[PDB]
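Student: Take a look at the following structure, please.
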Amino acid sequence: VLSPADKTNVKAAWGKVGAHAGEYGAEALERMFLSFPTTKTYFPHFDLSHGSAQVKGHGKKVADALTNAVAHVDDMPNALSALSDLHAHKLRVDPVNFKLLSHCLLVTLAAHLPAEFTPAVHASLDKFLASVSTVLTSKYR
Amino acid sequence: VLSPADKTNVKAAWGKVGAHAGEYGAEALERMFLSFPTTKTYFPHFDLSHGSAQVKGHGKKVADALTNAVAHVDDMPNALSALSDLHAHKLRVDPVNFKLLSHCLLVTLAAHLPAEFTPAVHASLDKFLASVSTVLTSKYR
Amino acid sequence: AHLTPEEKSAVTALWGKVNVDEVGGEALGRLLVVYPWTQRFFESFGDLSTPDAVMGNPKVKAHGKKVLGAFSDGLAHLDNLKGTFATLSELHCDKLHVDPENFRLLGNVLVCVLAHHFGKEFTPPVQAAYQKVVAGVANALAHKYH
Amino acid sequence: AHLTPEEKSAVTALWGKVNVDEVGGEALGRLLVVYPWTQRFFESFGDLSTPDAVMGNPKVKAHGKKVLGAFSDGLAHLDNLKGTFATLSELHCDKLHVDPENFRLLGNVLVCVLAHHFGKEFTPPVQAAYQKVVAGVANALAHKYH
Ligand code: HEM
Ligand code: HEM
Ligand code: HEM
Ligand code: HEM
């Protein structure tokens, strides 16, 4: 459950991400592919090399969805409905992978928000990403 | 999310368990301790020898809690409220361990309900245990 | 994998009673029913619309046969699972793109199937031994991923 | 090991710049804040009520230093993590009763701390090398559990 302080932390941190959200989405994916190679099995059709525009493009979509989630933090299930449908019924990514991207998003944020990434903010972001993950995997079965 | 069909499936299987719920709860614990020895780290104060009163008593409490949840399958959060508080603030069992007991409960049910453990019931029970686990872990942070 | 001799024997003994084709079809079908996301690799198998359709699909049964036949052969090499599954590991990564998490799911479904099949004979110690084997195989198949 | 030469150089280089005292304290404090259930092992450490309390606790800072120092030793024996941590593995199991899942959580928090501390120098490839180490260490510490 996201407390009022959690929501405030997330909105502040994401606020600072601002226009960089896309770049950070791509970096997080890159971190994911290198750190947890099993995640690459879901993108056999991509050029996963450093700098790949496919990863950059996908990074932007992930980041935009997260922005949408932040904007609708009190109504996540509805805001992310089409995305829940897509992951559950078409992409069918094992739920385990959501924790790996989440960790990589956190590392990316840490690396770019020295000042903002306090222990309290770190905790709120982790809860937020777990919340997003739960929603995305809500309709798997 | 448990569908109506799921709830019917669970109530059916659990019904069959009936009066053996406590013995099944004890067996599931013994199966967990043997298969996943790291789970023993939460029971250093117990005699974990086969058939010990402590394990049998605990298995009974676990089974009673599960019965409670089946009974109030539509309102688990409220029915397991006290238990979710106990696990979150006192016991503080890492969430990973819930999946291990859930698997061992499933094996126990399988070994004892030859007629009732169909693919559909198996799916419903799995979802049910995941649901109980989620509720018990709900207040962790 | 860390199996004492006691354990290897408890594995071998029960396995001699298994109908590999039957258990294979059951385990694969149950994986597809219980964790529907795993269906992602099998759209060429036809109808997977319901539990009944899955359980009865001839392609599912044939695939289960193939998978469990390889598993079965691996039981003869408990001591060298990694060497035994190396080429299969590579194929699953490089050509089939199967997330190794699927191997763990199957392993757990297999244990549920044996328990259902064997009832009381599937004791806590026997389960413990099979848990080690199933973890071992999963690890062996994920070993060559990169 | 699990690590490659490029990866060992990566690991070794960054580690030369870490103030073990400082990073240790940060890593343990963040573990206690982000995954509060981990506080079950430190009832005697005092005030752990709020992030500021956790982070400023001298006992947390002290313990963090102890842990990372032992962690540093392992960096010196990347080729024999199991041999290196055998004694501590047994201690954590037999006397402390620590669920090894806690080793995994700490590894992830440590990565977060390094990224926070080093910024842009903590590149994707460097992270990947550290993920291998942290997993290796956690496996080494869980090795003697029974
Ligand atoms: C925070 C968690 C995640 C979010 C917000 C997210 C969001 C999205 C979005 C917005 C899209 C594009 C949908 C479209 O094309 O309309 C997408 C597609 C996709 N996602 Fe997810 N995703 C998440 C996690 C994951 C994970 C963990 C994986 C696997 C490791 C994954 C694999 C994919 C794949 C394979 C596609 C299709 C890519 C393509 O063919 O272009 N996603 N996701
Ligand atoms: C389906 C999941 C679970 C249910 C329904 C459940 C239920 C319960 C219940 C009813 C109690 C007794 C409370 C009392 O005495 O008032 C309890 C206590 C306890 N549980 Fe949970 N539990 C679950 C999972 C777990 C897991 C996975 C572990 C650890 C691996 C665990 C560890 C404990 C411990 C250590 C106690 C205290 C026992 C004692 O000191 O007597 N539980 N649980
Ligand atoms: C114990 C675990 C497993 C073993 C031993 C195993 C073994 C095999 C074998 C022997 C083959 C045939 C290889 C060949 O064409 O020469 C195969 C193919 C395949 N496996 Fe696996 N498998 C396992 C688990 C899985 C899982 C869990 C999945 C997906 C959920 C999967 C997906 C596939 C697919 C899609 C093929 C290709 C089928 C075809 O071309 O007809 N396998 N596997
Ligand atoms: C990087 C992994 C870790 C390493 C290398 C490590 C190492 C150590 C060392 C060197 C000691 C002191 C031993 C002595 O008294 O002679 C210790 C004690 C201890 N560790 Fe670990 N540790 C690690 C992770 C953890 C984690 C994650 C936890 C729990 C969250 C934990 C809980 C404890 C506790 C409770 C003690 C006893 C402190 C006391 O005596 O009050 N450790 N550890």
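Chain B residue numbers are taken from Swiss-Prot; in order, the displayed residues are 2-142.
Yeah, the Cβs are placed from backbone N, Cα and C, and that goes for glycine too.
Copied straight from Swiss-Prot:
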- B:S4: phosphoserine (MOD_RES)
- B:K8: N6-succinyllysine (MOD_RES)
- B:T9: phosphothreonine (MOD_RES)
- B:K12: site 'Not glycated' (SITE)
- B:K12: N6-succinyllysine (MOD_RES)
- B:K17: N6-succinyllysine (MOD_RES)
- B:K17: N6-acetyllysine (MOD_RES)
- B:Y25: phosphotyrosine (MOD_RES)
- B:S36: phosphoserine (MOD_RES)
- B:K41: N6-succinyllysine (MOD_RES)
- B:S50: phosphoserine (MOD_RES)
- B:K57: site 'Not glycated' (SITE)
- B:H59: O2 binding site (BINDING)
- B:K61: site 'Not glycated' (SITE)
- B:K91: site 'Not glycated' (SITE)
- B:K100: site 'Not glycated' (SITE)
- B:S103: phosphoserine (MOD_RES)
- B:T109: phosphothreonine (MOD_RES)
- B:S125: phosphoserine (MOD_RES)
- B:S132: phosphoserine (MOD_RES)
- B:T135: phosphothreonine (MOD_RES)
- B:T138: phosphothreonine (MOD_RES)
- B:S139: phosphoserine (MOD_RES)
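Mind mapping these onto the model and telling me what they sit next to?
Tutor: Within the same chain, no residue at least six positions away from B:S4 (phosphoserine) has a Cβ under 8 Å of its Cβ. Secondary structure at B:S4 (phosphoserine), as computed by DSSP, is coil.
Within 10 Å of the Cβ of B:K8 (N6-succinyllysine) there are 15 other Cβ atoms, across all protein chains.
A simple way to gauge crowding: the CB of B:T9 (phosphothreonine) has 15 other CB atoms within 10 angstroms, across all the protein chains here.
In sequence order, B:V71, B:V74 constitute the residues six or more apart from B:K12 (site 'Not glycated') in its chain with CB-CB distances below 8 Å. According to DSSP, B:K12 (site 'Not glycated') is assigned to a helical segment.
Sequence-distant neighbours of B:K17 (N6-succinyllysine) (same chain, 6+ apart, CB under 8 A from its CB) are B:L114, B:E117.
Within its own chain, B:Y25 (phosphotyrosine) has B:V18, B:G60, B:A64, B:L106, B:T109, B:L110, B:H113 as residues 6 or more apart in sequence whose C-beta sits under 8 angstroms from its own. Mapped onto three states, the DSSP output places B:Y25 (phosphotyrosine) in helix.
Look at B:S36 (phosphoserine): DSSP puts it in a helix. Less than 8 angstroms from the CB of B:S36 (phosphoserine) sit B:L101, B:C105, each of them six or more residues away in the same chain.
The DSSP secondary structure for B:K41 (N6-succinyllysine) is helix. Within 10 Å of the C-beta of B:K41 (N6-succinyllysine) there are 18 other C-beta atoms, taking all protein chains into account.
Same-chain residues at least 6 positions away in sequence with a Cβ under 8 Å from that of B:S50 (phosphoserine) are not found in this chain.
The Cβ of B:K57 (site 'Not glycated') has 16 neighbouring Cβ atoms from other residues within 10 Å, across all protein chains displayed.
In sequence order, B:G26, B:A27, B:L30, B:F47 constitute the residues six or more apart from B:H59 (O2 binding site) in its chain with CB-CB distances below 8 Å. DSSP assigns B:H59 (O2 binding site) to a helix.
Summarising the environment of B:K61 (site 'Not glycated'), the number of other Cβ atoms within 10 Å of its Cβ, over all protein chains shown, is 16.
Within its own chain, B:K91 (site 'Not glycated') has no residue 6 or more apart in sequence whose C-beta sits under 8 angstroms from its own. Secondary structure from DSSP puts B:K91 (site 'Not glycated') in a helix.
Long-range Cβ neighbours of B:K100 (site 'Not glycated') (same chain, at least 6 residues apart, Cβ-Cβ under 8 Å): B:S134.
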Student: Pick out which of the modified residues B:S103, B:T109, B:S125, B:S132, B:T135 has the most other Cβ atoms within 10 Å of its own Cβ.
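Tutor: Per the Cβ count within 10 Å, the most buried is B:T109.
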Student: Which chain-mates of B:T138 (phosphothreonine) that are at least 6 residues away have a CB under 8 A from its CB, listed by sequence?
Tutor: B:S85, B:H88, B:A89, B:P96, B:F99
Student: Taking ligand 1 as the reference and 6 angstroms as the Cβ limit (strictly under), which recorded positions among B:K8, B:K61, B:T109, B:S125, B:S139 are close?
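Tutor: If the test is a Cβ under 6 Å from any atom of ligand 1, the answer is none.
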Student: Enumerate same-chain residues with a sequence separation of six or more from B:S139 (phosphoserine) and a Cβ-Cβ distance below 8 A; give 'none' if the list is empty.
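Tutor: Correct list: B:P78, B:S85, B:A89.
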Student: Which ones, of the recorded positions B:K57, B:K61, B:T135, have a Cα no more than 10 Å from the Cα of B:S125 (phosphoserine)?
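Tutor: Within 10 Å of B:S125 (phosphoserine): none of them.
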Student: List only the single closest residue to B:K61 (site 'Not glycated'), chosen from the modified residues B:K8, B:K41, B:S103, B:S132, B:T135 by CA-CA distance.
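Tutor: Closest recorded candidate to B:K61 (site 'Not glycated') by Cα: B:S103.
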Student: If proximity means a C-beta under 8 angstroms from chain C, which of B:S4, B:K12, B:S36, B:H59 count? These are the recorded positions.
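Tutor: The answer, in sequence order, is B:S36.
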